[PDB]
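Peer 1: Structure file my_file11.tsv, TSV, C-alpha atoms, is pasted below:
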```
chain	number	residue	atom	x	y	z
A	1	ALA	CA	104.77	91.20	89.98
A	2	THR	CA	105.29	91.43	86.23
A	3	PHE	CA	104.94	94.88	84.60
A	4	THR	CA	106.18	97.30	81.95
A	5	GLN	CA	108.32	100.39	82.63
A	6	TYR	CA	108.18	103.64	80.68
A	7	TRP	CA	111.39	105.64	80.27
A	8	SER	CA	112.39	109.13	79.20
A	9	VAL	CA	116.17	109.38	79.25
A	10	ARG	CA	118.16	112.50	78.34
A	11	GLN	CA	120.76	111.92	75.63
A	12	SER	CA	123.22	113.54	78.04
A	13	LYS	CA	123.39	114.14	81.80
A	14	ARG	CA	121.53	117.36	82.58
A	15	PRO	CA	123.31	120.26	84.34
A	16	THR	CA	122.63	120.34	88.08
A	17	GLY	CA	122.78	123.52	90.16
A	18	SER	CA	119.99	125.68	88.78
A	19	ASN	CA	116.23	125.14	88.66
A	20	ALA	CA	115.24	122.56	86.04
A	21	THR	CA	111.74	122.03	84.67
A	22	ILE	CA	110.02	118.80	83.62
A	23	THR	CA	106.85	119.48	81.64
A	24	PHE	CA	105.35	116.04	82.17
A	25	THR	CA	102.47	116.38	79.70
A	26	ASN	CA	105.10	116.43	76.94
A	27	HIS	CA	106.41	112.99	77.92
A	28	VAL	CA	102.89	111.63	78.42
A	29	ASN	CA	101.73	112.49	74.91
A	30	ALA	CA	105.01	111.37	73.35
A	31	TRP	CA	104.46	108.01	75.05
A	32	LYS	CA	100.84	107.90	73.87
A	33	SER	CA	101.99	108.41	70.28
A	34	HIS	CA	104.04	105.22	70.58
A	35	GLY	CA	101.26	103.11	72.09
A	36	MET	CA	102.51	103.59	75.64
A	37	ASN	CA	99.52	104.30	77.88
A	38	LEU	CA	99.49	104.87	81.64
A	39	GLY	CA	97.12	103.46	84.25
A	40	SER	CA	93.77	104.98	85.21
A	41	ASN	CA	94.78	104.77	88.87
A	42	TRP	CA	97.52	107.20	89.89
A	43	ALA	CA	99.91	106.47	92.76
A	44	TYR	CA	102.54	108.84	94.13
A	45	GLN	CA	104.81	111.06	92.01
A	46	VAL	CA	108.17	112.49	93.05
A	47	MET	CA	111.47	113.93	91.84
A	48	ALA	CA	113.50	111.11	93.36
A	49	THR	CA	117.00	109.72	93.82
A	50	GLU	CA	116.91	106.10	92.62
A	51	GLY	CA	119.97	104.02	93.51
A	52	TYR	CA	121.18	100.46	93.04
A	53	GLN	CA	124.42	98.68	93.96
A	54	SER	CA	126.08	102.02	94.63
A	55	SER	CA	127.15	104.73	97.06
A	56	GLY	CA	126.90	108.50	96.69
A	57	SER	CA	125.33	111.79	97.75
A	58	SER	CA	122.48	113.97	96.49
A	59	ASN	CA	120.58	117.10	97.53
A	60	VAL	CA	117.30	117.91	95.79
A	61	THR	CA	114.63	120.58	96.26
A	62	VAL	CA	111.08	120.50	94.88
A	63	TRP	CA	109.15	123.68	94.77
A	64	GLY	CA	105.47	123.90	95.15
A	65	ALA	CA	103.29	125.41	97.75
A	66	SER	CA	101.53	122.26	97.29
A	67	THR	CA	104.00	119.44	97.50
A	68	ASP	CA	102.99	117.05	100.18
A	69	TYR	CA	104.34	113.61	99.67
A	70	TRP	CA	107.58	112.23	101.10
A	71	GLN	CA	109.00	109.08	99.50
A	72	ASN	CA	111.72	107.15	101.35
A	73	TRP	CA	112.00	103.47	100.40
A	74	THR	CA	114.75	100.84	100.59
A	75	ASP	CA	114.85	97.04	100.32
A	76	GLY	CA	117.35	97.18	103.18
A	77	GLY	CA	120.42	95.86	101.39
A	78	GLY	CA	122.76	98.73	102.20
A	79	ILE	CA	123.07	101.88	104.30
A	80	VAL	CA	120.70	104.70	103.34
A	81	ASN	CA	120.74	108.08	105.10
A	82	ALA	CA	117.64	109.93	103.90
A	83	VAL	CA	116.80	113.22	105.63
A	84	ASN	CA	113.35	114.74	105.17
A	85	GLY	CA	114.34	118.39	104.76
A	86	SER	CA	112.16	121.46	105.23
A	87	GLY	CA	109.70	122.32	102.47
A	88	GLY	CA	110.59	120.35	99.36
A	89	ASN	CA	114.25	119.85	100.22
A	90	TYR	CA	116.00	116.59	101.10
A	91	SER	CA	119.40	114.88	101.02
A	92	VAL	CA	120.65	111.31	100.67
A	93	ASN	CA	123.86	109.63	101.83
A	94	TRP	CA	123.79	106.04	100.59
A	95	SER	CA	126.49	103.37	100.88
A	96	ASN	CA	126.91	99.96	99.23
A	97	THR	CA	123.14	99.81	98.91
A	98	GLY	CA	120.83	97.71	96.79
A	99	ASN	CA	117.64	99.32	95.51
A	100	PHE	CA	116.08	102.46	96.98
A	101	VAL	CA	113.96	105.49	96.08
A	102	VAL	CA	114.09	108.84	97.87
A	103	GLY	CA	112.18	111.95	96.80
A	104	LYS	CA	109.49	114.49	97.63
A	105	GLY	CA	106.48	115.08	95.40
A	106	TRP	CA	102.76	114.39	95.34
A	107	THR	CA	100.47	111.81	96.96
A	108	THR	CA	98.53	111.56	93.69
A	109	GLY	CA	100.21	111.66	90.29
A	110	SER	CA	98.90	113.88	87.50
A	111	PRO	CA	99.40	113.41	83.73
A	112	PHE	CA	99.45	117.22	83.63
A	113	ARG	CA	102.02	117.79	86.39
A	114	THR	CA	104.65	120.51	86.02
A	115	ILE	CA	107.86	120.29	88.05
A	116	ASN	CA	110.57	122.75	89.05
A	117	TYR	CA	113.58	121.41	90.93
A	118	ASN	CA	117.11	122.39	91.93
A	119	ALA	CA	119.62	119.57	92.29
A	120	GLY	CA	121.85	121.17	94.91
A	121	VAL	CA	124.24	118.24	94.57
A	122	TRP	CA	124.42	115.22	92.28
A	123	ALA	CA	127.37	113.03	93.25
A	124	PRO	CA	126.29	109.43	92.54
A	125	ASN	CA	129.22	106.99	92.78
A	126	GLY	CA	127.70	103.94	91.15
A	127	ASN	CA	124.19	103.54	89.77
A	128	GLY	CA	121.82	106.41	90.56
A	129	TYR	CA	119.03	108.25	88.78
A	130	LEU	CA	118.04	111.90	89.11
A	131	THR	CA	114.59	111.06	87.80
A	132	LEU	CA	110.93	111.95	88.08
A	133	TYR	CA	109.36	108.82	89.52
A	134	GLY	CA	105.86	107.42	90.01
A	135	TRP	CA	103.41	104.56	89.51
A	136	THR	CA	99.95	103.87	88.09
A	137	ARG	CA	97.41	101.05	88.34
A	138	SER	CA	95.20	99.63	85.60
A	139	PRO	CA	97.55	98.88	84.09
A	140	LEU	CA	100.32	98.57	86.69
A	141	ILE	CA	103.11	100.81	85.40
A	142	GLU	CA	106.33	102.34	86.73
A	143	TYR	CA	107.29	105.46	84.77
A	144	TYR	CA	110.59	107.34	84.56
A	145	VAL	CA	111.85	110.73	83.40
A	146	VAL	CA	115.60	110.76	83.94
A	147	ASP	CA	117.61	113.97	83.63
A	148	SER	CA	120.89	112.66	85.03
A	149	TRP	CA	122.63	109.49	86.21
A	150	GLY	CA	125.89	107.94	87.40
A	151	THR	CA	127.75	105.00	85.90
A	152	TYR	CA	124.76	103.67	83.96
A	153	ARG	CA	122.34	105.20	81.47
A	154	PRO	CA	118.93	103.46	81.59
A	155	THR	CA	118.13	101.81	78.25
A	156	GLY	CA	115.80	99.16	76.86
A	157	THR	CA	113.55	98.73	73.83
A	158	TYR	CA	114.01	101.95	71.87
A	159	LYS	CA	110.72	103.52	70.77
A	160	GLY	CA	111.58	107.09	69.78
A	161	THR	CA	112.44	110.57	71.04
A	162	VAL	CA	110.86	113.70	72.52
A	163	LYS	CA	112.14	117.26	72.85
A	164	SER	CA	111.25	118.88	76.17
A	165	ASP	CA	112.62	121.69	78.34
A	166	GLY	CA	115.66	122.41	76.17
A	167	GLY	CA	116.58	118.73	76.33
A	168	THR	CA	116.07	115.77	74.02
A	169	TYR	CA	115.08	112.43	75.54
A	170	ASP	CA	115.31	108.88	74.24
A	171	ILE	CA	112.24	106.71	74.81
A	172	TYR	CA	112.44	103.15	76.14
A	173	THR	CA	110.22	100.34	77.37
A	174	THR	CA	111.46	97.69	79.77
A	175	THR	CA	109.81	94.76	81.53
A	176	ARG	CA	110.32	93.29	85.00
A	177	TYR	CA	109.32	89.86	86.25
A	178	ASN	CA	108.88	89.72	90.06
A	179	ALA	CA	109.04	93.38	91.08
A	180	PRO	CA	106.77	94.91	93.76
A	181	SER	CA	106.01	98.61	94.06
A	182	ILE	CA	107.20	101.67	95.98
```
Show me, as C-alpha cells, the structure contained in the file I just sent.
Peer 2:
Amino acid sequence: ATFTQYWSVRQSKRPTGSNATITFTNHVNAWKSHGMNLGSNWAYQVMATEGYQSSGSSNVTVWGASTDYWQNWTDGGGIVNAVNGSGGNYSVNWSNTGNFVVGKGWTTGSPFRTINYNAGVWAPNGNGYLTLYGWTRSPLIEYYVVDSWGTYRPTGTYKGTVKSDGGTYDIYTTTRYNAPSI
C-alpha cells in the first residue's frame, strides 16, 4: 500500500531511566497546523520498540490501569525475542532482524491520549526507535513520536517544530510505496 507517515522526532535522544510523558494532543495539533490530518478510523496505539536491520535490547513499561493492547509484529527476517511482561512491562532481544514493532498500549488510538513510560533499558545496536506508534484509516496513516533512537535519526520532508514535555521535536512527512500495516 501507498501512504504518508507523520513524524515527531526529538532534536536529541531523550534520557531513559525515569518516567517520560508524551502529551499526544500537542503533537496532533502541531501536525494539524501544518496541514497534516489523521484518519477518522483509529487503529492500535503503543509505546513501541521499532527495529530494522539491527540487533539490540530494550525494556519498556507503560502505565495505565487501562492499557490493554499487546503489539508484537515481525516480518520474520531476523530473530526477535519479545516477552509480554506483567502489566505494561515488556522486553525485546532482537538479532540481525529486518522490520519489527513491539510495544504495549491501546486497542483503539485516541487523539487525546496521554502516556507515561519508563524505558528501563534502551540499548539498540543498529536501527531502533523508542517511539509512540499507531495507525489510522481514512486516510491510511502511520504516525510516529520518537523520543530516542540508535544509529539513525528518522528524517524526511521538514515541516516545522513543536515543544512538548520539556523536549523540542522536529516535524517530518515521509511516504512509502508498497507497505502494509501492523
Peer 1: Give me, please, the distance in Å between atom CA of residue 61 of chain A and atom CA of residue 101 of chain A, quoted to one decimal.
Peer 2: 15.1 Å
Peer 1: Can you pull out every residue within 10 Å of residue 141 of chain A, counting all atoms listed in the file, but drop anything in the same chain fewer than 4 positions away, and send it as a count of residues only?
Peer 2: 17
Peer 1: Calculate how many Å separate atom CA of residue 177 of chain A from atom CA of residue 143 of chain A, rounding to one decimal.
Peer 2: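 According to the coordinates, atom CA of residue 177 of chain A and atom CA of residue 143 of chain A are separated by 15.8 Å.
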Peer 1: Counting all atoms listed in the file, figure out which residue out of A:155, A:164, A:16, A:21 gets nearest to residue 114 of chain A.
Peer 2: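 Checking each candidate against residue 114 of chain A, we get A:21 as the closest.
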Peer 1: How many Å separate atom CA of residue 12 of chain A from atom CA of residue 156 of chain A?
Peer 2: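 Rounded to one decimal, the two atoms are 16.2 Å apart.
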Peer 1: Using all atoms listed in the file, which of the listed residues (A:132, A:145, A:82, A:121) sits closest to residue 47 of chain A?
Peer 2: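 Nearest candidate to residue 47 of chain A out of A:132, A:145, A:82, A:121: A:132.
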Peer 1: From the list A:180, A:40, A:169, A:118, which residue is nearest residue 138 of chain A when using only C-alpha atoms?
Peer 2: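 The closest residue to residue 138 of chain A is A:40.
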Peer 1: Calculated over all atoms listed in the file, which of the candidates A:19, A:108, A:97, A:33 has the smallest distance to residue 161 of chain A?
Peer 2: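 The shortest atom-to-atom distance to residue 161 of chain A comes from A:33.
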Peer 1: Between A:168, A:107, A:131, A:81, which residue has the minimum interatomic distance to residue 66 of chain A, considering only C-alpha atoms?
Peer 2: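 When distances to residue 66 of chain A are compared using only C-alpha atoms, the smallest one comes from A:107.
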Peer 1: Quick one: residues within 9 Å of residue 165 of chain A, all atoms listed in the file counted, chain neighbours fewer than 6 positions away excluded, as number ranges by chain?
Peer 2: A: 20-23
Peer 1: Is it possible to get the axis-aligned box enclosing segment 97-108 of chain A (all listed atoms, 8 Å extra per side) as JSON, with centre and edge lengths in Å rounded to one decimal?
Peer 2:
```
{"center_x": 110.8, "center_y": 106.4, "center_z": 96.3, "size_x": 40.6, "size_y": 33.4, "size_z": 21.2}
```
Peer 1: Would you please work out which residue, of A:77, A:127, A:24, A:34, is nearest to residue 160 of chain A when using all atoms listed in the file?
Peer 2: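 Answer, going by the shortest atom-to-atom distance: A:34.
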Peer 1: Hey, what's within 12 Å of residue 70 of chain A if we count only C-alpha atoms and toss same-chain stuff fewer than 5 positions away? As a ChimeraX atom specification, please?
Peer 2: /A:44-48,61-62,82-90,101-108,182
Peer 1: Leaving out segment 50-55 of chain A and any residue of its chain fewer than 3 positions from it, which residues lie within 6 Å of it when counting only C-alpha atoms, given as a PyMOL selection string?
Peer 2: chain A and resi 94-101+125-129
